[PDB]
Amino acid sequence: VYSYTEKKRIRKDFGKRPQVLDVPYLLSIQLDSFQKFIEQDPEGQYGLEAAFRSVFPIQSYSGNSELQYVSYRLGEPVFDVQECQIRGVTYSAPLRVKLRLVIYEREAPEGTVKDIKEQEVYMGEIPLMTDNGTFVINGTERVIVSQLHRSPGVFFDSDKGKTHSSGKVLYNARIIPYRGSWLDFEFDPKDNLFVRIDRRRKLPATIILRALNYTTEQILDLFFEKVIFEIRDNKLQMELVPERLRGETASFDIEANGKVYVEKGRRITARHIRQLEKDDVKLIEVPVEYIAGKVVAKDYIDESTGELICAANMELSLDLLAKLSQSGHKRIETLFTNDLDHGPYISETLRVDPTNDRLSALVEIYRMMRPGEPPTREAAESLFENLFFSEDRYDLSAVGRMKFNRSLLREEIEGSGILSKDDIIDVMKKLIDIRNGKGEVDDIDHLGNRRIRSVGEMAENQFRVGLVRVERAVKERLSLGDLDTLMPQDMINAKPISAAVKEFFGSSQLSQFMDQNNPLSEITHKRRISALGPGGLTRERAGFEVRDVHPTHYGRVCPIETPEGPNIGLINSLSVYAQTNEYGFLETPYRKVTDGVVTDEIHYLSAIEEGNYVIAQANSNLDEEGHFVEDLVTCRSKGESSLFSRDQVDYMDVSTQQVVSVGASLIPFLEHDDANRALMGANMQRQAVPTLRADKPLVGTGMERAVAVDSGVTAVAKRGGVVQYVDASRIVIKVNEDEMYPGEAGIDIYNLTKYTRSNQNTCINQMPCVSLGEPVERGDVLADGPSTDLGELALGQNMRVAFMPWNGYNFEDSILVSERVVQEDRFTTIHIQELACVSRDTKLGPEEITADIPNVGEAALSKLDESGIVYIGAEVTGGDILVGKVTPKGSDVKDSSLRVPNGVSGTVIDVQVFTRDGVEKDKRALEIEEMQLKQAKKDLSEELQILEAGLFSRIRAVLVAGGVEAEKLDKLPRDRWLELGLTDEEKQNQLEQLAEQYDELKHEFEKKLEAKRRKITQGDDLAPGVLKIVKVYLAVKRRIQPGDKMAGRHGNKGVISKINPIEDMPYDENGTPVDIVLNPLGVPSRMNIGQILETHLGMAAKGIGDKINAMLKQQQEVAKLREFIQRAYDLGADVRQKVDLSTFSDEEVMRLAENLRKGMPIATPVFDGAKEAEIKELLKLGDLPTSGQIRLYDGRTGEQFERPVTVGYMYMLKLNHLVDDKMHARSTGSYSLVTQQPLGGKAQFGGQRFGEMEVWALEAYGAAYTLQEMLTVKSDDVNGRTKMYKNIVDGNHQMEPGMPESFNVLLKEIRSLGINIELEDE
Amino acid sequence: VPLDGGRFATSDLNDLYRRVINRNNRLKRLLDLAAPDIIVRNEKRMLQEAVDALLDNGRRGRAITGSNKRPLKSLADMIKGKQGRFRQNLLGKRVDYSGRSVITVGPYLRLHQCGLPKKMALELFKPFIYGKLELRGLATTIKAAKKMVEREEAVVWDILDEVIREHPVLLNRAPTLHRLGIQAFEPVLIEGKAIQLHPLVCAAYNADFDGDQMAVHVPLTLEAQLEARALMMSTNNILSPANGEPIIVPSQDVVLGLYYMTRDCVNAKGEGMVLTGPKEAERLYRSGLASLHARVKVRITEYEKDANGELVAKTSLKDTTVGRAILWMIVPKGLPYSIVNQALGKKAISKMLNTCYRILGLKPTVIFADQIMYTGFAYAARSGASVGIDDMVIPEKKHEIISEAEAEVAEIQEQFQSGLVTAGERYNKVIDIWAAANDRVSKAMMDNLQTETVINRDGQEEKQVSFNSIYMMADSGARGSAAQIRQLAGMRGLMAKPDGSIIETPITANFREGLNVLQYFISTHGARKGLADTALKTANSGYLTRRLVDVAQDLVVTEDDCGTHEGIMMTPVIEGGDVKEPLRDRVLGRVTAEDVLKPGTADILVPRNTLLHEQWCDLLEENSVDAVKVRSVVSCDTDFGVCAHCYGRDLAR
DNA sequence: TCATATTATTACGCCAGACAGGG
DNA sequence: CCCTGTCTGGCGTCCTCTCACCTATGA
RNA sequence: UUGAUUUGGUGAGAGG
Ligand SMILES: [Mg+2]
Ligand SMILES: [Zn+2]
């Protein structure tokens, strides 16, 4: 079964693997994020409720008043989106917050407040999101791009080689909070442990332990295990668990139980450890040279004399043993400092530490953090207890606590946001374990260690900044609060929240201007994952590995769609199937594989879960049950693509598109292209201009439908049904009854956006693709947008291309084009330019909008009214006048009248004017007022009458259970209708019910039309300051010409060189010329062989189209057409499509065959595409030669090209790098102010920067005079250039050079220091 | 200056000076009022920091800022940096009489001229047109002429063709790296908006036609027109200054047209017929009686100039093809016939132009470079040399090679389950057998492409080199190598992960067969690393050129002989393999220090101050001379410069 | 409108060049 | 006193094109 | 004597 615009032109779909999961809604990142931001979500997470439950209730410092929260709301926007783009306002909503002030008496923590007050106060306006994922910030339509940043939680990084210049590795460990202070631990090459906070000075790390109220003995209890020396019969024996001897040299005689176990000299092996454990060896008598290097663990004091023997962490000598042995401390605890495993890093750090107690530790930390200003007990304790341990200024989020517990192998995943003692101690223990050998480092490119911020998270963080500023303001006003004479807007202020949130949505590194020239380009700028932005890395610094593709990108980030240039691999684009995790990570779908049978259930994984499992490949042959048909299958285990068994796998890839994105999965035959040319192909495919006549890629991938629907450029039907099709203004859809609400009778009226300006000066235009009285279903398309054709996606157009050298005109990458391409207007794109004119009151009175243009004669008053401003629509070019806008006292009058820029033509399509309340010239301002005034009422009544007509009929329709008397129901016409009483019978309240409808309709229409006139009757609506605001919309129509840039989908760039006549083209023996000749020499080097298979398969597609065009032109009854269409849709191997063609009612075969006579469209999916034998077999169904190559004659000489050439249909696109936006020349005009050199650019009429390497190139020749005029006369020296212009126009090519002006600018800037630079003797 | 609006966008120096003056006024008032010590110490300290911030901002602790957090730019920051006065306004300036547009080909050009649009030509040459209009007498005042060219009447285009005619322009591609990136042409006017640029010259500019742009500059004065014609003209730059190699080498279409033209096949139309000249060879090709490659005895008359500047004719019958005679109609007089008798790839056509330049000089080499380009484009058009899907011939032996490699990795992993071998030796054995299988697949496809054609002539079969399209694009050296044609037919090797180590499972599928998902992802590892390397490598390459031209910067050839006898000892370099760079590459065109003894005994073979051009180097190679003591630039005795002998040959002259 | 005058983030990679520390 | 980690400054590609956004205060 | 403001500076994106 198919929908009704699916039976229009059903694309022949190759593809063997049955898809199990359909493509998700391609704009779901932006929409789900911002729907999380604004939503009334009780339990607080996440959203605006999290912000209000963090900041509220505010209580002041015992001020006995506590403003609390109830509920918030967003009212209607005062401007809908279209008039918002027209006017220039933000597309925002007012944020109505209920606030409840309660005020206490004296001594009321528990006492009832003395008075309350509560109001729906107004703070800020937040910009809402349009239904397509965009904002409208100041008239322009912008997009917030999702950031990719390091997750909160600990990271164990190495930096193995570069420091110390000695090959000794370090190991640092960064505890990155979501909000607050950064804490880093790091080794130094003396093997000492150092802490630093916020990249400040370096403190030896155990001082932070001494800041957490840990004595030295507790620290040594933590990071070291005790070795027990017992004072015994002789020589102070040792408890020895045999694990501690692993891998060391036996220094002494190892004997016990009257038996010599291990002698001196040999290293202790694990067999000797087994001997000591089997022989149960713990207590052995040591020599005195064994204890002479060890370190004591805890303190010991001489008991009778009452003083200290040794401090904790003290190495032992023999006389120290003579001190402690004679006192009476029988147990001696020593620190086991294994040189292999258990290193003495904490102990040597304690030897570096200049502190001894907690208080000096806090004083040293306070002298680190805030220097100069003294370190007192209260100040240092408040500093360190609010560094990490308070809920205000340090907060690992839920993501941070999950990563923090996961990297430390904790059991739980939810905990408190602040740190604790045990967390810092665990980070130090894991860092020490990594130094010892056990456990390993983390990498930073691993996408399980890399979170995504999106629109709702970033706007929530900015909103929380605004709320903490307004709570500091509320704490300010409340302690100065006098009661009861204030209500909660003398306390609260709508200014900082609105200021912060407009600061982010206006001027941020991620709220950026939408690339809008293409449905693809909109939908792939919204799905963008940037590494840049605040808190992330920069373009000009880093690096090599963060610009590189890591094995966790499989199915999360597109490997091949990243922009080439200064930021490669920072501006990654998101994959097709990849959602976003609850915590913000990238989870991608996989198919759960319990046993041999691959189950059709899906299950989402992130990269910290994808490593543990074994995940199969998308294309591994499985037949009729899910069993892998091989006994071994390529999978990947832990980022390593390897071959595993038939029955080990736990997951399989869902579909074979899932590695790449929606820009580079529209490229058919992707798997045959090179990676570089697929990158260049996707990046150019974003840049296509919408042509005037949209044309359906013959070789597509089938993802055109999802991109053209999911990007909101087409008018997808909301509720299904039929159609009324007024359409000149709007599509009117009558709704079928099942999808139709009981009240609100209701028919859907779709607004078509006709010719208007895009963000890239292209033309966004919608055209209805459904006729009158034609069924449509829910989700079906109704109006084709820019670059769409019946709901598909038509960026460029499909043309007949020959691969051959043709007389040098396609030399390096150039492209030689027939005249049949430029006669048919099949690339003639439409550009629209907005031009503003304002008459601001700079000085010496205000400027004026009058045709009475001066000095200039009857060459001003022409394309305008009898007395001012461009009329409506003519063929204006360059140097014309659009808006007469000149002042007197500015003879002394002048010409600021905004004219048409140099080189452009066009038609004035629209003139907008919300000017300084007064613009009316003669009486036009109020003349149109009456026109709109009468317009509103007309439609208002019309619509009511339209429904009235439907209701009147409905009244009679229902009039059967309570008066069906046809001859007794046609009484009053426009007066009443029902003069009976149904009462009940079988409930037809229905008459009374419909009576209310009409009664309310007229009653509401009056009020509806009442406000209409009110709105109509007005000067105009805009902001203040600016006075004369005239915007004129030109529309140039640019065709194609030698110098434009065209390109296919594979990376084959080209500058169209010669626009040949039709005759000189290479025609085949049938007679048709070829349209575009490309060059075969690009194909062996640039290894993008997919354009040839697209060429052959498009040739086969148009072969079927020519065959259907013959069978339908030379008209046959529909049996032969349905037989040939059925053969065309069966065609070859096992596919997914076949068709159910004998259910197309003998007319939907014919409408399909009317839409196929330009070529049968073929879906070649991304990595499961059409094989070559099917291309040959399809070329045999059409009557074309199997090789794909036709013999071609030459249009010049009439004689055959030897060795037959390739002709086919490639889908070639016109990129928006047009040659009459690049052509520029300058002889003489205006310059800058500071310098005497020419200005730069094209919009400024400026000259070429003759840069540094060109000066070196002229020095490389003997061009001393060319360089002398190149930097003195042509550029800078003012006397030289005026003398040169007069010398040229006299006929004397001679320069009088002088000295450059910018060098005298250099002399004054150097001399304006204390520097006396001069110019010496003659 | 105010921007568009009603406020003044003020500079940063006005903030700095206004703060110094505010603080200085405060300090004068406090020294009037006799404030105490700590007040005037803070006041003078704030003045000290204000002055120090004005002069060089940010050299003291964190720099001051106005809007918003960005520091404001001081005087020293108007001098230093990439955007100071030296690097931004004094070494490089913006320039009047200049233009810029997208380039395109136009292959009808001669290599001293380029196409230049009419709209750019009327804008760049406004003062010359004004002077011409005022000379004729059509108008009077200057205003009238500016109205005439603002209206663009019917008479200013003849004025424009009379100001263009002998007036060169400097075309310049935007990343100019060496001196061949600024070359002077003569304009030919173009209906259009794109600069038509002669194709051979593109290999000098590194200019393809994928969207490139070039700037045009006009030499205004008369000495600059003469410098553009006599030093910077495109006919004058036919040798690269880095070496002796020609830079007007025919690049890609034209070598395919020649390689298809001068070749042969074992049977064609007109096999083994005899022809009385090259003129009727082209007449037999055009009428349709022979083929472009059909072996044939012709009678050619080659002019060998064996006397002292006299050209002696020798005519003979060469067993050659039809295409070699047609290409002999374009070769100038002095070159022998054996320069076209071979197959003419790209190295052979480069040494054809090089031998033409060494024998017949400059003007026949310019006109012969143009005739090469014209006949290459014309017969490449007549060739119809496409590319198909059938041209990439899969080896029939490829699948059995892959199965033998799969059996070998199966044996190695069965040893790995039983622990007989180590892990590093396993990884080494797997990379070794996949390298061996890769080389065998490449040899299978290379035999299957280089001799696939087997056509009979009058009897049994006989083999020859193939006319496969991708093989001529590879063998001609137009575009393609062994590796790229290997990746389109044989397996595309063992791609490496970004860890730097190789991956033990290769990409056994080429591009004609489909890559599956994992193989394309490993390919994307290997290609993303290359794009990141180029896009970050270019910064270090440019900064290296900057440091080199600023250490050089001064050194000018300023004498004719320093009068020394010292110079470095040029030997051929040998690393331990076969002799890498011969002595004729190192002592070509460098003046000897003392006179080289002939290797027999004590003979004056060459004198002690002779430039060693090609004739001297051939008389050095005949005598097998050991090593030459030659004069080097580092031994030059000239104060402030390098003498003319210790440099050497001009290299492009 | 017309003078008043500066604070609560961190996440480059060498590579010279100068400086306090210690055998 | 001669090595030495450690800290501080100083580099980091040319040319071009499009768009938006610009200090608070205040009797 | 017959006319006028971006360069300034930031941010974002793009081409070769
Ligand atoms: Mg290029
Ligand atoms: Zn010398």
# chains A, B, ... in the order shown; residues from 1 in each chain; ligands from 1
$ select_by_dssp --residues "segment 443-610 of chain A" --states "helix (DSSP H, G or I)" --output "ChimeraX atom specification"
/A:455-479,495-506,519-525,607-610
$ residues_near_ligand --ligand "ligand 2" --cutoff "9 Å" --atoms "only C-alpha atoms (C1' of nucleotides) and all ligand atoms" --output "list in words"
residues 559, 560, 561, 562, 563, 564, 566, 631, 632, 633, 634, 635, 636, 637, 638, 641, 642, 643, 644, 645, 646 and 647 of chain B
$ residues_near_ligand --ligand "ligand 1" --cutoff "6 Å" --atoms "only C-alpha atoms (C1' of nucleotides) and all ligand atoms" --output "PyMOL selection string"
(chain B and resi 208+210) or (chain E and resi 16)
$ write_last_selection --atoms "N, CA and C atoms (P, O5', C5', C4', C3', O3' and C1' of nucleotides)" --output "PDB file, in the first residue's frame"
ATOM      1  N   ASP B 208      44.333  25.111 -11.063  1.00  0.00           N
ATOM      2  CA  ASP B 208      43.312  24.342 -11.742  1.00  0.00           C
ATOM      3  C   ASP B 208      42.141  25.269 -12.022  1.00  0.00           C
ATOM      4  N   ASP B 210      38.824  24.854 -10.644  1.00  0.00           N
ATOM      5  CA  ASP B 210      37.750  24.394  -9.786  1.00  0.00           C
ATOM      6  C   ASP B 210      37.137  25.512  -8.960  1.00  0.00           C
TER       7      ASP B 210
ATOM      8  P     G E  16      36.926  25.223  -3.241  1.00  0.00           P
ATOM      9  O5'   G E  16      38.305  25.949  -3.533  1.00  0.00           O
ATOM     10  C5'   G E  16      38.540  26.546  -4.796  1.00  0.00           C
ATOM     11  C4'   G E  16      39.918  27.134  -4.885  1.00  0.00           C
ATOM     12  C3'   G E  16      41.047  26.239  -4.439  1.00  0.00           C
ATOM     13  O3'   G E  16      41.413  25.306  -5.438  1.00  0.00           O
ATOM     14  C1'   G E  16      41.354  28.420  -3.582  1.00  0.00           C
TER      15        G E  16
END
$ closest_atom_pairs --of "chain A" --to "chain D" --cutoff "12 Å" --atoms "only C-alpha atoms (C1' of nucleotides)" --output "CSV"
residue,atom,partner,partner_atom,distance
A:137,CA,D:20,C1',10.4
A:138,CA,D:20,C1',9.3
A:139,CA,D:20,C1',10.8
A:140,CA,D:20,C1',8.9
A:141,CA,D:20,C1',11.0
A:142,CA,D:20,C1',10.3
A:163,CA,D:5,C1',11.0
A:164,CA,D:5,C1',8.5
A:165,CA,D:5,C1',10.7
A:188,CA,D:5,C1',10.6
A:189,CA,D:5,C1',9.7
A:190,CA,D:5,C1',10.4
A:201,CA,D:7,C1',11.5
A:202,CA,D:6,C1',11.8
A:503,CA,D:21,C1',10.6
A:505,CA,D:20,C1',11.8
A:506,CA,D:21,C1',8.3
A:507,CA,D:21,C1',7.2
A:508,CA,D:21,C1',10.6
A:509,CA,D:20,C1',12.0
A:511,CA,D:20,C1',10.9
A:512,CA,D:20,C1',8.9
A:513,CA,D:19,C1',7.1
A:514,CA,D:19,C1',9.6
A:515,CA,D:19,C1',10.1
A:516,CA,D:19,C1',11.8
A:540,CA,D:12,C1',9.0
A:541,CA,D:12,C1',9.0
A:542,CA,D:12,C1',11.9
A:565,CA,D:13,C1',11.7
A:566,CA,D:13,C1',10.7
A:759,CA,D:19,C1',8.6
A:760,CA,D:18,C1',7.9
A:761,CA,D:18,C1',10.0
A:1216,CA,D:18,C1',11.2
A:1217,CA,D:17,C1',9.4
A:1218,CA,D:17,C1',11.2
A:1219,CA,D:17,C1',11.9
A:1221,CA,D:17,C1',8.9
A:1222,CA,D:17,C1',8.1
A:1223,CA,D:17,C1',11.5
A:1224,CA,D:16,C1',11.5
A:1240,CA,D:16,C1',10.1
A:1241,CA,D:16,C1',8.3
A:1242,CA,D:17,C1',8.7
A:1243,CA,D:17,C1',10.1
A:1247,CA,D:16,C1',11.7
A:1248,CA,D:15,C1',9.0
A:1249,CA,D:15,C1',7.8
A:1250,CA,D:15,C1',8.9
A:1251,CA,D:15,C1',7.9
A:1252,CA,D:14,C1',8.6
A:1253,CA,D:14,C1',7.9
A:1254,CA,D:14,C1',10.2
$ residues_around --residues "residue 1264 of chain A" --least-positions-apart "5" --cutoff "10 Å" --atoms "only C-alpha atoms (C1' of nucleotides)" --output "MDAnalysis selection string"
(chainID A and resid 1258:1259 1269:1270) or (chainID B and resid 223:224 227)
$ write_last_selection --atoms "C-alpha atoms" --output "PDB file, in the first residue's frame"
ATOM      1  CA  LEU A1258      58.548  41.241  -8.107  1.00  0.00           C
ATOM      2  CA  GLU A1259      61.881  41.443  -6.268  1.00  0.00           C
ATOM      3  CA  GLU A1269      54.631  52.234  -9.026  1.00  0.00           C
ATOM      4  CA  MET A1270      52.972  49.255  -7.340  1.00  0.00           C
TER       5      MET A1270
ATOM      6  CA  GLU B 223      59.217  51.568 -17.612  1.00  0.00           C
ATOM      7  CA  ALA B 224      56.688  49.199 -16.073  1.00  0.00           C
ATOM      8  CA  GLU B 227      59.435  45.457 -17.486  1.00  0.00           C
TER       9      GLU B 227
END
$ closest_atom_pairs --of "chain C" --to "chain B" --cutoff "12 Å" --atoms "only C-alpha atoms (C1' of nucleotides)" --output "tab-separated table"
residue	atom	partner	partner_atom	distance
C:3	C1'	B:22	CA	11.1
C:4	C1'	B:22	CA	10.3
C:5	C1'	B:19	CA	7.8
C:6	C1'	B:64	CA	8.1
C:7	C1'	B:69	CA	10.7
$ write_last_selection --atoms "C-alpha atoms (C1' of nucleotides)" --output "mmCIF file, in the first residue's frame"
data_model
loop_
_atom_site.group_PDB
_atom_site.id
_atom_site.type_symbol
_atom_site.label_atom_id
_atom_site.label_comp_id
_atom_site.auth_asym_id
_atom_site.auth_seq_id
_atom_site.Cartn_x
_atom_site.Cartn_y
_atom_site.Cartn_z
ATOM 1 C "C1'" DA C 3 31.584 64.389 33.785
ATOM 2 C "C1'" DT C 4 33.271 59.392 36.807
ATOM 3 C "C1'" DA C 5 37.169 56.312 35.548
ATOM 4 C "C1'" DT C 6 37.883 49.935 35.909
ATOM 5 C "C1'" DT C 7 36.044 43.578 38.413
#
$ interface_residues --of "chain A" --to "chain B" --cutoff "6 Å" --atoms "only C-alpha atoms" --output "ChimeraX atom specification"
/A:549,565,671-672,675,803-808,812-814,1043,1053-1055,1057,1080-1081,1084-1085,1201-1203,1205-1206,1222-1227,1237-1238,1247-1252,1257,1265-1266,1274-1275,1289-1290,1293-1294
$ interface_residues --of "chain E" --to "chain B" --cutoff "12 Å" --atoms "only C-alpha atoms (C1' of nucleotides)" --output "ChimeraX atom specification"
/E:2,5-11,15-16
$ interface_residues --of "chain C" --to "chain A" --cutoff "10 Å" --atoms "only C-alpha atoms (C1' of nucleotides)" --output "PyMOL selection string"
chain C and resi 9-14
$ write_last_selection --atoms "C-alpha atoms (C1' of nucleotides)" --output "PDB file, in the first residue's frame"
ATOM      1  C1'  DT C   9      38.550  31.646  34.440  1.00  0.00           C
ATOM      2  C1'  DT C  10      41.388  27.252  33.189  1.00  0.00           C
ATOM      3  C1'  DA C  11      41.679  22.920  27.928  1.00  0.00           C
ATOM      4  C1'  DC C  12      48.726  24.549  22.702  1.00  0.00           C
ATOM      5  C1'  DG C  13      53.528  23.161  21.483  1.00  0.00           C
ATOM      6  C1'  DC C  14      57.920  24.051  20.869  1.00  0.00           C
TER       7       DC C  14
END
$ residues_around --residues "residue 795 of chain A" --least-positions-apart "3" --cutoff "9 Å" --atoms "only C-alpha atoms (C1' of nucleotides)" --output "ChimeraX atom specification"
/A:518-520,685,688-691,694-697,786-788,1211-1214
$ atom_distance --atom1 "atom CA of residue 114 of chain A" --atom2 "atom CA of residue 69 of chain A"
17.9 Å
$ atom_distance --atom1 "atom CA of residue 442 of chain A" --atom2 "atom CA of residue 156 of chain A"
5.6 Å
$ select_by_dssp --residues "segment 1026-1146 of chain A" --states "strand (DSSP E)" --output "list in words"
residues 1030, 1031, 1032, 1033, 1034, 1035, 1036, 1037, 1038, 1045, 1046, 1047, 1053, 1054, 1055, 1056, 1057, 1058, 1059, 1076, 1077 and 1078 of chain A
$ write_last_selection --atoms "N, CA, C and O atoms" --output "compact mmCIF listing (two decimals), in the first residue's frame"
# COMPACT_ATOMS: atom_id res chain seq x y z
N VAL A 1030 12.72 52.66 4.57
CA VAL A 1030 12.17 52.17 3.27
C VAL A 1030 12.99 50.96 2.80
O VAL A 1030 14.16 51.18 2.43
N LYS A 1031 12.43 49.74 2.79
CA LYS A 1031 13.17 48.59 2.31
C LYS A 1031 12.61 48.17 0.96
O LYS A 1031 11.40 47.99 0.82
N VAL A 1032 13.49 48.01 -0.02
CA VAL A 1032 13.13 47.71 -1.40
C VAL A 1032 13.74 46.37 -1.76
O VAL A 1032 14.93 46.15 -1.53
N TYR A 1033 12.93 45.46 -2.30
CA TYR A 1033 13.37 44.10 -2.57
C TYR A 1033 13.53 43.90 -4.07
O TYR A 1033 12.55 43.68 -4.78
N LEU A 1034 14.76 43.95 -4.55
CA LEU A 1034 15.03 43.60 -5.94
C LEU A 1034 15.06 42.09 -6.10
O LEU A 1034 15.22 41.35 -5.13
N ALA A 1035 14.94 41.63 -7.34
CA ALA A 1035 15.08 40.21 -7.64
C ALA A 1035 15.75 40.05 -9.00
O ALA A 1035 15.09 40.11 -10.04
N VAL A 1036 17.04 39.84 -8.96
CA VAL A 1036 17.85 39.58 -10.14
C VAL A 1036 17.57 38.15 -10.56
O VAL A 1036 17.31 37.30 -9.71
N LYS A 1037 17.61 37.87 -11.84
CA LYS A 1037 17.48 36.50 -12.33
C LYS A 1037 18.76 36.17 -13.08
O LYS A 1037 18.97 36.65 -14.20
N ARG A 1038 19.63 35.37 -12.48
CA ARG A 1038 20.94 35.09 -13.05
C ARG A 1038 20.91 33.77 -13.79
O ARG A 1038 20.39 32.78 -13.27
N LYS A 1045 30.20 28.20 -11.30
CA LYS A 1045 30.72 26.94 -10.78
C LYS A 1045 29.60 25.92 -10.70
O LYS A 1045 28.62 26.14 -10.00
N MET A 1046 29.76 24.80 -11.39
CA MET A 1046 28.87 23.67 -11.23
C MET A 1046 29.62 22.49 -10.64
O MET A 1046 30.85 22.45 -10.67
N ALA A 1047 28.87 21.53 -10.12
CA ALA A 1047 29.47 20.35 -9.51
C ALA A 1047 28.44 19.24 -9.41
O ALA A 1047 27.27 19.51 -9.22
N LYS A 1053 34.26 19.23 -9.06
CA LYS A 1053 34.06 20.65 -9.20
C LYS A 1053 34.33 21.06 -10.63
O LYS A 1053 35.03 20.39 -11.37
N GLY A 1054 33.78 22.20 -11.00
CA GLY A 1054 34.01 22.68 -12.34
C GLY A 1054 33.62 24.11 -12.53
O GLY A 1054 32.61 24.55 -12.00
N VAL A 1055 34.41 24.84 -13.29
CA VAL A 1055 34.03 26.17 -13.73
C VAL A 1055 33.67 26.05 -15.20
O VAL A 1055 34.54 25.81 -16.04
N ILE A 1056 32.38 26.20 -15.49
CA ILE A 1056 31.82 26.11 -16.84
C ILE A 1056 32.51 27.07 -17.79
O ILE A 1056 32.43 28.29 -17.63
N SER A 1057 33.21 26.52 -18.78
CA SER A 1057 34.16 27.31 -19.57
C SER A 1057 33.54 27.89 -20.83
O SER A 1057 33.51 29.11 -21.00
N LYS A 1058 33.07 27.05 -21.73
CA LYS A 1058 32.50 27.49 -22.98
C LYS A 1058 31.03 27.12 -23.02
O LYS A 1058 30.66 26.00 -22.69
N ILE A 1059 30.20 28.08 -23.40
CA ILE A 1059 28.78 27.82 -23.60
C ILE A 1059 28.54 27.59 -25.09
O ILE A 1059 28.17 28.52 -25.83
N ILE A 1076 26.26 18.27 -21.45
CA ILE A 1076 27.44 18.72 -20.75
C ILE A 1076 28.56 17.71 -20.92
O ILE A 1076 28.35 16.51 -20.73
N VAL A 1077 29.73 18.19 -21.31
CA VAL A 1077 30.91 17.37 -21.47
C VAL A 1077 31.81 17.62 -20.27
O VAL A 1077 32.21 18.77 -20.02
N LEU A 1078 32.11 16.56 -19.52
CA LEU A 1078 33.11 16.59 -18.47
C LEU A 1078 34.41 16.03 -19.01
O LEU A 1078 34.57 15.83 -20.22
$ closest_residue --among "A:159, A:1123, A:39, A:895" --to "chain E" --atoms "only C-alpha atoms (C1' of nucleotides)"
A:895
$ residues_around --residues "segment 846-851 of chain A" --least-positions-apart "5" --cutoff "6 Å" --atoms "only C-alpha atoms (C1' of nucleotides)" --output "JSON, numbers by chain"
{"A": [839, 841, 861, 867, 868, 884, 885, 886, 887]}
$ atom_distance --atom1 "atom CA of residue 1048 of chain A" --atom2 "atom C1' of residue 12 of chain E"
27.7 Å
